Amino acid sequence: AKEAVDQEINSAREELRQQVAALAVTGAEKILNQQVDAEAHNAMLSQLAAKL
Amino acid sequence: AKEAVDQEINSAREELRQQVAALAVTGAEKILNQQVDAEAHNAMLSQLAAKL
Amino acid sequence: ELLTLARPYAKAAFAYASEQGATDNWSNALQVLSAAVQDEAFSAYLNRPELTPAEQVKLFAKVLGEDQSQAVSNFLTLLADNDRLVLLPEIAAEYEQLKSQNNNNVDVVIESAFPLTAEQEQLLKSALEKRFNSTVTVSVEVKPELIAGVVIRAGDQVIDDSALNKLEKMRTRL
Amino acid sequence: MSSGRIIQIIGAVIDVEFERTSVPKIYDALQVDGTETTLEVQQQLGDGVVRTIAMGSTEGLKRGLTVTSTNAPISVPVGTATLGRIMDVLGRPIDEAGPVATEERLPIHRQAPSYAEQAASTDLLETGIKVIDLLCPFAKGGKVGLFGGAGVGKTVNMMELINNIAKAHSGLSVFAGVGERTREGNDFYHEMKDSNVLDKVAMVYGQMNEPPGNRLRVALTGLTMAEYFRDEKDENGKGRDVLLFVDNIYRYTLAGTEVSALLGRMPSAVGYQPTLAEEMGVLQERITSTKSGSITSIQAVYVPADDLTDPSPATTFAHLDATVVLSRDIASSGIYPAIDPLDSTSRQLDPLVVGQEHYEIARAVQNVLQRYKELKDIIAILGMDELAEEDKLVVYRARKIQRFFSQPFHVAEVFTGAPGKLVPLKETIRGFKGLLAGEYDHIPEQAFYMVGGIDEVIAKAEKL
Amino acid sequence: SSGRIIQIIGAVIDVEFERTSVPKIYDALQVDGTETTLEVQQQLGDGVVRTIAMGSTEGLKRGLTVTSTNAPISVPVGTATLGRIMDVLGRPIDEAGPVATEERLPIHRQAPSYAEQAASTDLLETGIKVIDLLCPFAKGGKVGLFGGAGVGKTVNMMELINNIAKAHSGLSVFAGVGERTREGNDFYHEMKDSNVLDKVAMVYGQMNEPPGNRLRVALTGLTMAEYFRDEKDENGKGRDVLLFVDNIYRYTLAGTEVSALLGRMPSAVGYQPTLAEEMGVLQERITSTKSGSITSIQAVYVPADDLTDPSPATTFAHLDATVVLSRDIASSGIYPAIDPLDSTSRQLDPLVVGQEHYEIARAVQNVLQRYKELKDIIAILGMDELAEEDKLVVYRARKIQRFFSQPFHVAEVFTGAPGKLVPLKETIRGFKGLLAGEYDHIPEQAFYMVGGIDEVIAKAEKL
Amino acid sequence: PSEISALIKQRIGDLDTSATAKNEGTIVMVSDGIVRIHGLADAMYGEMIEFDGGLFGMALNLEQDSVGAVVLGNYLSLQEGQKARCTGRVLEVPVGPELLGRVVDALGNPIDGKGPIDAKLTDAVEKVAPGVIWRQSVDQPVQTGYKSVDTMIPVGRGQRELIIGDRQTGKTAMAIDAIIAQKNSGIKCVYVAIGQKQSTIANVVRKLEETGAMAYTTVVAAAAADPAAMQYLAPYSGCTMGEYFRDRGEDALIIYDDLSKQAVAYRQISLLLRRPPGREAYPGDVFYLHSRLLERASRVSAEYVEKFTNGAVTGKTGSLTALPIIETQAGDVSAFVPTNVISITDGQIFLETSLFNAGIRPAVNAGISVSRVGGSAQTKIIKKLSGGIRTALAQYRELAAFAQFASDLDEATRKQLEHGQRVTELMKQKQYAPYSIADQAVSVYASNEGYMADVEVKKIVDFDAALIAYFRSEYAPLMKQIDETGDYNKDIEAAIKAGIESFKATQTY
Amino acid sequence: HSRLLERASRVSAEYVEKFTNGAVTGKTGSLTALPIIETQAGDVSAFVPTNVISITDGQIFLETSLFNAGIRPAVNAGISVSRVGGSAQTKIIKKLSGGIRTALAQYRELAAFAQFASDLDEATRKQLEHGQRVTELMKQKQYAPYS
Amino acid sequence: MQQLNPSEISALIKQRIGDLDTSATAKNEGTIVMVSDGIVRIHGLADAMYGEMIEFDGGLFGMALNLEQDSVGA
Ligand SMILES: Nc1ncnc2c1ncn2[C@@H]1O[C@H](COP(=O)(O)OP(=O)(O)OP(=O)(O)O)[C@@H](O)[C@H]1O
Ligand SMILES: [Mg+2]
């Protein structure tokens with residue numbers, strides 16, 4: 001049962017990977033919250049990091 | 001046995017987050033590297049001086 | 001260690017020069033002799049075993065030119081006697097420390113990714129004045145490999161705005 | 001202006017700097033500013049640099065921190081109120097029953113007693129225990145070697161000693177716990193309390209949970225306490241004569257080795273501090289009597305590794321005057337105390353000390369007890385009735401002797417009823433002499449057991 | 001940015017570097033003149049480092065440039081090393097041409113984690129009387145061989161080698177550690193004539209090289225064993241592999257040699273304080289795992305037959321059996337010549353070996369030790385004056401000693417090289433019968449130089 | 001899914017809230033987990049230190065110009081130039097009853113693969129023993145399931161008692177079995193393992209799990225593959241966890257492993273600090289080192305409990321019993337470290353190699369093993385019944401030489417010899433087979449009643465086991481009551497003797 | 001000492017043959033050496049003795065009192081051995097040495113009772129007498145070797 | 001290098017800075033430097049003799065033990 005559930009959960013982590021890829025590109029703007037929003041727009045322009 | 005199963009589930013659940021965060025930070029590094037704003041340099045040093 | 005050995009000599013030299021106000025002259029001499037001992041050639045010539053303390057002393061006087069003093073000569077003599085010539089630059093450094101603290105000046109070292117403008121530098125000097133020091137000695141440094149920001153070191157005291165913040169976020173996520 | 005600042009810290013040793021115009025002397029006291037820890041000058045390192053030890057934990061401390069001095073060695077409270085009080089080495093209460101009442105303070109150190117003050121006489125302390133009182137009489141201002149394992153009533157014997165000295169000779173009692181284990185210390189406290197004797201003793205413990213300096217200096221602490229009490233004069237002068245109880249002086253020597261090692265100094269033959277004899281003596285010479293008052297010492301002694309030729313016991317015997325040993329078998333034979341009346345040795349065992357007749361009597365007793373001891377094996381193996389009837393008489397008489405040397409204790413009164421009996425010499429002497437004469441060979445051994453003087457013995461015998 | 005020779009004293013070496021460029025520990029340093037290599041031991045500040053020379057200590061010139069690799073010591077591994085003998089550096093020393101593989105792995109991995117211990121203890125049988133009865137093994141165990149100089153110990157190891165090889169595809173490996181190269185060559189050739197090298201890998205440290213090399217041969221063998229165990233074959237579980245230590249004591253001594261020159265202060269015997277650290281580092285990487293296991297055999301030397309000092313003391317806290325060889329039992333003509341009364345294992349336990357085998361071992365211990373203590377009085381008077389009791393005991397003990405005589409499978413010339421490898425169960429049967437007395441009516445000679453009851457009875461009937 | 005994404009973002013926005021003005025240092029020198037660093041003028045003594053690689057370090061030598069500190073994690077990752085940083089804090093580890101059923105690092109970090117631990121409380125590892133005024137006497141016993149142990153060597157809650165012996169003598173087994181007997185004691189227990197083969201560690205773990213007692217139990221191990229400093233500090237951490245419950249008014253038990261080994265580690269560490277060595281390279285404070293540890297465990301005065309709780313709890317008194325272990329070279333006691341140890345414990349127990357070699361399981365030599373706490377650490381009934389064993393074993397051990405003798409000697413000697421031989425054999429015992437105090441009680445009664453003074457020696461153990469089962473079945477309520485109370489009463493002994501004589505009358509052994 | 005004695009051994013004929021570059025083919029090279037270690041009070045635990053023993057092929061030992069017992073030479077066979085064994089002996093001497101070694105072992109076994117030949121076994125007495133005779137057989141003069 | 005001479009004292013160094021010779025009245029009076037356990041290292045007495053008694057401002061006496069290049073132990 002462990003093998004079955006772990007393999008299928010693993011199989012469910014790739015759509016989640018692409019999801020969280022979008023969501024981490026989204027979180028990548030929180031470097032703007034790192035600053036005082038001295039930059040608040042440098043990231044929306046950038047989408048070159050479309051990796052995995 | 002059941003507790004072992006649960007622990008394995010939790011291990012995977014936490015593990016995925018690590019590679020996700022690594023990808024996110026690599027993207028953030030790329031974005032900051034493409035960022036060439038010495039204007040932000042001036043703004044943030046002024047900001048610190050204000051905090052000083 | 002080596003600094004520990006150098007300590008008392010620095011104390012003596014500082015006390016005397018302050019008592020004679022020639023502190024600047026001794027500091028200049030210290031820089032001169034530090035550069036001198038840095039030279040491999042000069043040292044190797046100096047460490048030649050056929051030379052009594054007098055030889056090394058007069059050699060230092062010569063390389064110093066018309067800048068030495070009788071106190072300078074005595075100091076050189078005493079150090080040659082115990083052969084402590086080697087650790088001279090550390091003595092000089094501590095001597096600088098003593099003058100800075102004595103005049104209550106603090107020397108501050110700042111590294112920025114991008115080069116700086118005197119406006120910002122004066123602003124920071126004022127800011128550290130609000131940090132309640134007497135006076136400040138600013139030495140800037142361009143460090144574009146650092147992502148951005150200015151890092152400021154006052155001895156053990158450090159303040160950061162550069163990549164370190166990011167390192168902190170990653171360790172936080174983990 | 002005495003504020004100096006920490007310069008270097010390793011383990012327990014501590015280094016500070018001061019001004020080269022005002023430098024504390026060795027053994028001065030340093031209180032850390034803002035904290036309750038104290039520093040002790042050991043050796044002047046020149047340049048206003050001093051190397052010292054700390055008194056307790058050393059945590060959190062950081063260099064450049066200001067510390068003041070006292071320009072004087074350590075002083076602690078002393079006075080009448082010090083009884084029934086447990087303080088640290090610093091003379092600070094740990095009983096948690098308020099501060100110390102006295103304002104009288106004296107420095108811990110002082111030079112050795114003057115040669116002029118050594119009393120030109122040497123006499124004996126009276127005790128009512130009927131055993132040392134014959135075999136190993138104590139001098140006045142002597143050192144008593146004590147040996148044997150725990151569980152044989154060491155505390156009990158100390159109880160009785162204290163009771164007697166305070167009762168007859170009005171002695172005052174001081175006890176020092178060197179390298180103490182807390183549990184037995186607390187038990188000893190509760191015993192001090194139940195047996196109504198606490199009000200007459202001054203108590204200080206150094207635990208084996210403390211840096212060595214604590215353990216080293218509790219000794220001098222208690223010593224000074226005793227000195228103050230003795231030199232405290234009575235009416236018409238003549239301050240009291242007091243007894244001092246100290247545990248495991250061997251632990252003291254060990255702690256001395258500790259601090260010597262921490263100073264980075266080479267070991268000794270076995271590895272003790274090379275200066276061992278120095279501190280041993282410094283302890284000793286302040287233990288004596290004077291033209292005014294007297295001091296006597298009881299010291300628990302442990303021999304590690306059973307080496308009578310080890311340097312530490314060897315140095316001990318250099319000052320020992322009387323030896324008392326405690327038995328396991330004798331106590332198991334229901335005889336209390338279990339003092340072996342055959343190994344105890346007294347420097348005072350001389351016809352010039354106890355007198356002629358007393359000396360000869362004691363020697364005769366020793367002979368009888370020996371003679372019976374070698375008789376024992378033959379009695380065991382080859383029966384009993386195969387020997388000289390005189391030897392059998394010896395057997396009976398020695399058995400009576402052993403039955404007799406034990407006695408009730410006034411401290412035993414609260415323990416198991418049976419109030420104790422105080423007995424001086426000149427009756428013990430007479431009774432024992434008569435026993436040696438064999439004039440009591442018509443009586444069972446029972447009349448001698450758990451009883452006082454020979455008059456009591458005959459009273460019981462008639463009543464038995 | 002290359003360092004230079006700045007000071008050399010015997011076995012300790014120092015190099016200057018540009019303070020920005022500093023080598024890390026345990027990474028190889030390339031002598032720019034010769035093939036000799038240096039390992040970092042500690043960083044001395046200012047771009048100054050302390051190192052030990054892997055290779056010759058000749059040709060050295062103060063102020064000779066040296067480069068690094070900026071990476072730990074890695075040597076090739078894999079099936080392309082079996083039957084080949086390598087140096088400490090993994091180079092062909094057998095003149096059989098270069099190694100075939102490029103699979104190179106470092107040598108300073110960490111000890112296997114706690115969570116990955118083999119979750120159950122195991123057992124190993126050898127088909128050998130005294131051992132499988134009195135010296136049980138756990139697969140992944142630690143075995144010590146103490147003493148023995150009138151017999152061929154290497155013969156014994158080679159017998160175990162044939163044991164495991166025929167018993168399992170699990171290969172074998174030996175490391176020369178202060179090797180008495182006479183015996184090493186003998187072992188090499190005898191394994192050669194056995195035609196069994198495909199399951200064997202060879203690295204030698206032979207008392208002729210700087211102490212670091214003889215230190216590190218152990219790590220080399222460890223690494224080979226690790227990787228070879230990790231090759232999961234067709235199932236997800238690789239073979240359980242066997243190791244041979246030429247001598248653990250020489251491993252200790254290798255570090256012991258230059259410790260003081262390293263600036264290390266002496267220890268309780270003058271030793272190296274890092275003794276226990278390196279010891280544990282060595283042992284903890286030798287265990288049984290969730291997938292696969294590794295065990296080893298350690299040829300032990302004892303200084304003056306004294307065990308009461310740290311050098312064997314630390315070792316003992318890691319073994320699982322103390323096989324102590326016997327000389328006069330060899331004088332009794334016994335082939336294995338192993339003492340039956342001193343050797344033990346922590347594995348003697350009913351829960352792990354069952355009850356019957358354990359209690360048989362108990363009884364045989366008792367009978368042998370009781371027979372020993374009667375030797376004196378028997379000599380004084382004779383068997384007759386003893387009660388009829390223990391006469392059968394004497395006979396049974398003698399027959400036990402005969403039963404232990406096991407003809408060797410691989411000597412090639414000792415009795416014809418006959419293998420026995422008798423099952424543990426059959427030997428249990430035989431010793432049970434002997435303890436009961438089922439055959440306490442036969443001359444002990446019938447029990448000599450044989451195996452099970454079948455052989456004993458056949459011999460007794462033929463004579 | 002998206003859950004963590006929100007979680008990570010919301011957590012992040014909580015940081016970089018300001019810029020720190022911290023004071024830190026940098027690396028100057030490295031050797032074998034030992035680092036000389038420059039800077040950090042202000043520094044707590046013994047401050048725990050952080051480093052750029054995420055590791056940590058312990059500062060010991062505060063010299064006038066630099067700092068020496070020992071690696072806590074795994075070095076071989078650090079190079080001069082990297083910057084240190086103090087935490088503004090002292091070494092601290094977590095505690096909490098949730099630690100039961102959990103196995104952690106000496107730093108208190110899970111190793112059981114059971115994920116994070118929710119310890120609500122952490123505490124500094126280094127503290128001081130409470131005031132001696134906050135000590136009250138010891139009267140509650142501690143059971144071992146070992147008739148010899150529980151008879152001649154009573155053990156009271158809060159007492160320091162030492163197991164000692166030579167090597168491979170079951171000392172580990174003695175500790176663990178003592179642990180097992182705590183099904184009903186209600187106390188908790190902590191095992192401290194030092195420099196051990198993870199195989200052995202895991203075997204102990206598995207065995208304990210089989211017993212299931214790893215539920216009121218917590219264990220930490222500094223195996224042989226660990227940084228020396230970790231090992232050095234670990235026992236102090238275990239003491240910290242014990243003191244947690246002790247100060248909660250609770251009573252518990254803890255066990256060390258190879259205090260000698262951690263002493264060795266400390267020796268090595270100190271040596272690498274260029275400190276002045278002592279005899280056998282041992283810095284003197286080893287005495288101080290151990291002693292400041294052992295005394296931290298005791299039974300406390302309930303008044304201390306009450307005042308610490310500030311009214312939270314008022315009835316009970318806290319306690320903690322200390323069971324350390326020392327391994328010896330050829331049974332010496334004169335070695336420096338054991339010599340130091342001896343004067344510290346409240347009692348000591350020796351293990352003799354020959355007895356176990358003679359198959360005497362266990363192999364305790366009662367002849368020298370003592371417990372100076374007296375019967376106060378026994379139950380009333382055992383307090384009553386110990387003396388017979390005491391004196392019989394005495395007489396035997398003086399005169400056991402006559403084994404082969406007494407073919408012409410007097411009969412009384414023969415009878416006493418048989419008595420002694422039987423009672424000596426009586427204590428032979430197997431691991432993992434603790435005896436309830438009722439079992440011990442029936443055995444001692446049968447002993448002193450001489451009802452085994454008529455049966456052959458070879459079957460004494462069988463006799464005992466049969467008796468055990470017989471009562472256990474027939475008279476369960478009686479033993480129930482007994483171990484409920486542990487009181488000696490004439491009714492009780494009459495019932496026991498009736499059962500015994502029934503057993504003899506009934507089924508044979 | 002290691003790198004010293006290590007140099008002493010016997011080589012393969014091939015090795016030298018190629019070393020001589022084929023100048024010699026048949027013979028093989030060999031070299032035996034004998035070091036001497038002096039003992040203090042006959043102690044064996046001494047550092048240098050410990051090392052050298054750990055290195056050598058085996059021990060050859062001599063006891064003072066045996067030389068004082070007239071045993072010249074005074075070999076102590078109880079401890080001196082060679083790992084080489086009969087492999088370096090000819091057929092006949094290996095064939096013979098067995099019972100000799102056995103008798104020596106027997107005599108050494110009964111040493112503690114050697115002073116009580118009045119109550120022992122007769123066969124034990126015979127073994128002792130044989131050991132005595134062979135012991136005396138092991139005497140030899142100096143400069144007088146035997147074929 | 002090696003440890004400091006227990007004679008290199010900022011006071012003494014500054015004095016030699018002022019002038020090297022004529023130290024302490026041609027070394028007729030000595031000043032104490034190092035103190036431990038009745039053992040005293042002193043600077044500035046060359047007129048002093050080995051094995052000489054040494055007077056003190058404390059009114060006490062000292063025993064000459066080590067005449068050295070820079071200092072004296074007593
Ligand atoms: N009463 C007993 N009955 C049967 N077996 C026992 C008994 N007591 C101990 N043993 C066995 O003895 C073995 C060795 O004991 P143990 O390993 O505890 O010794 P040790 O001193 O802890 O070893 P080390 O010194 O290596 O730590 C254990 O595996 C255990 O199974
Ligand atoms: Mg153990």
# chains A, B, ... in the order shown; residues from 1 in each chain; ligands from 1
call {"tool": "select_by_dssp", "arguments": {"residues": "segment 63-264 of chain F", "states": "strand (DSSP E)", "output": "PyMOL selection string"}}
result
chain F and resi 67-71+84-90+92-95+103-104+121-124+162-165+188-194+217-222+251-255
call {"tool": "residues_near_ligand", "arguments": {"ligand": "ligand 1", "cutoff": "6 Å", "atoms": "only C-alpha atoms and all ligand atoms", "output": "list in words"}}
result
residues 317 and 346 of chain E; 167, 168, 169, 170, 171, 172, 173, 361, 362, 429, 430 and 431 of chain F
call {"tool": "write_last_selection", "arguments": {"atoms": "N, CA and C atoms", "output": "tab-separated table (two decimals), in the first residue's frame"}}
result
chain	number	residue	atom	x	y	z
E	317	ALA	N	35.86	-2.88	21.26
E	317	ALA	CA	34.55	-2.24	21.32
E	317	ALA	C	33.88	-2.16	19.96
E	346	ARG	N	29.75	-12.28	20.65
E	346	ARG	CA	28.56	-11.77	21.30
E	346	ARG	C	27.31	-12.40	20.70
F	167	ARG	N	34.69	-5.50	30.96
F	167	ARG	CA	34.03	-5.29	29.69
F	167	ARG	C	33.21	-6.52	29.29
F	168	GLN	N	32.19	-6.29	28.46
F	168	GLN	CA	31.27	-7.34	28.03
F	168	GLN	C	30.71	-8.09	29.22
F	169	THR	N	30.28	-7.35	30.23
F	169	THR	CA	29.76	-7.97	31.43
F	169	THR	C	28.27	-7.76	31.60
F	170	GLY	N	27.55	-7.39	30.55
F	170	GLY	CA	26.13	-7.21	30.63
F	170	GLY	C	25.71	-5.93	31.30
F	171	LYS	N	26.66	-5.03	31.54
F	171	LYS	CA	26.33	-3.77	32.19
F	171	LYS	C	25.22	-3.06	31.44
F	172	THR	N	25.34	-3.01	30.12
F	172	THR	CA	24.26	-2.48	29.30
F	172	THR	C	22.97	-3.23	29.59
F	173	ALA	N	23.05	-4.55	29.68
F	173	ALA	CA	21.87	-5.35	29.97
F	173	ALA	C	21.32	-5.00	31.35
F	361	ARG	N	24.94	-15.92	35.90
F	361	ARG	CA	24.19	-14.88	35.22
F	361	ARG	C	23.07	-14.42	36.14
F	362	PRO	N	23.14	-13.21	36.72
F	362	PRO	CA	24.18	-12.20	36.56
F	362	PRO	C	25.43	-12.50	37.36
F	429	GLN	N	19.94	-15.73	37.06
F	429	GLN	CA	18.76	-15.11	36.47
F	429	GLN	C	19.03	-14.76	35.02
F	430	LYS	N	17.97	-14.71	34.22
F	430	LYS	CA	18.10	-14.39	32.81
F	430	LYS	C	17.64	-12.97	32.55
F	431	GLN	N	18.16	-12.38	31.48
F	431	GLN	CA	17.74	-11.03	31.12
F	431	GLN	C	16.29	-11.05	30.68
call {"tool": "residues_near_ligand", "arguments": {"ligand": "ligand 2", "cutoff": "12 Å", "atoms": "only C-alpha atoms and all ligand atoms", "output": "PyMOL selection string"}}
result
(chain E and resi 316-318+346) or (chain F and resi 163-176+191-197+200-201+204+223+255-261+324-328)
call {"tool": "calpha_fit_rmsd", "arguments": {"fixed": "chain B", "moving": "chain A"}}
result
8.8 Å
call {"tool": "closest_residue", "arguments": {"among": "B:18, B:46, B:40, B:51", "to": "chain A", "atoms": "only C-alpha atoms"}}
result
B:40
call {"tool": "select_by_dssp", "arguments": {"residues": "chain C", "states": "helix (DSSP H, G or I)", "output": "PyMOL selection string"}}
result
chain C and resi 2-20+23-38+40-46+53-64+70-82+84-102+118-130+164-173
call {"tool": "interface_residues", "arguments": {"of": "chain B", "to": "chain C", "cutoff": "7 Å", "atoms": "only C-alpha atoms", "output": "JSON, numbers by chain"}}
result
{"B": [18, 41, 45, 49, 52]}
call {"tool": "write_last_selection", "arguments": {"atoms": "C-alpha atoms", "output": "PDB file, in the first residue's frame"}}
result
ATOM      1  CA  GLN B  18      12.516  22.351  -0.755  1.00  0.00           C
ATOM      2  CA  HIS B  41      20.674  51.434  -5.233  1.00  0.00           C
ATOM      3  CA  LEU B  45      20.725  53.531   0.569  1.00  0.00           C
ATOM      4  CA  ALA B  49      19.952  56.332   6.028  1.00  0.00           C
ATOM      5  CA  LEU B  52      19.565  55.026  10.493  1.00  0.00           C
TER       6      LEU B  52
END
call {"tool": "residues_around", "arguments": {"residues": "residue 79 of chain E", "least_positions_apart": "3", "cutoff": "12 Å", "atoms": "only C-alpha atoms", "output": "ChimeraX atom specification"}}
result
/E:76,82-84,99-103,171-173,197-201,224-225,227-229,231
call {"tool": "write_last_selection", "arguments": {"atoms": "C-alpha atoms", "output": "compact mmCIF listing (two decimals), in the first residue's frame"}}
result
# COMPACT_ATOMS: atom_id res chain seq x y z
CA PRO E 76 38.46 4.18 -9.90
CA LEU E 82 38.71 -7.63 -9.71
CA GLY E 83 41.78 -9.81 -9.75
CA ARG E 84 43.99 -6.72 -10.05
CA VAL E 99 42.66 -0.12 -15.18
CA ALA E 100 39.73 -0.34 -17.58
CA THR E 101 37.10 1.82 -15.87
CA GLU E 102 36.73 5.53 -15.20
CA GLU E 103 34.19 5.14 -12.38
CA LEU E 171 32.77 -11.04 -3.93
CA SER E 172 35.73 -10.60 -1.60
CA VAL E 173 38.40 -7.97 -1.08
CA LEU E 197 40.45 -13.84 -8.38
CA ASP E 198 37.24 -12.73 -10.09
CA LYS E 199 35.72 -12.05 -6.66
CA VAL E 200 38.86 -10.48 -5.20
CA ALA E 201 40.37 -6.99 -5.23
CA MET E 224 35.68 -0.57 -2.90
CA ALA E 225 33.56 -2.70 -0.59
CA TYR E 227 30.49 0.62 -3.94
CA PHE E 228 30.53 -3.08 -4.75
CA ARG E 229 27.81 -3.71 -2.19
CA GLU E 231 25.56 -2.37 -7.05
call {"tool": "atom_distance", "arguments": {"atom1": "atom CA of residue 265 of chain E", "atom2": "atom CA of residue 269 of chain F"}}
result
11.3 Å
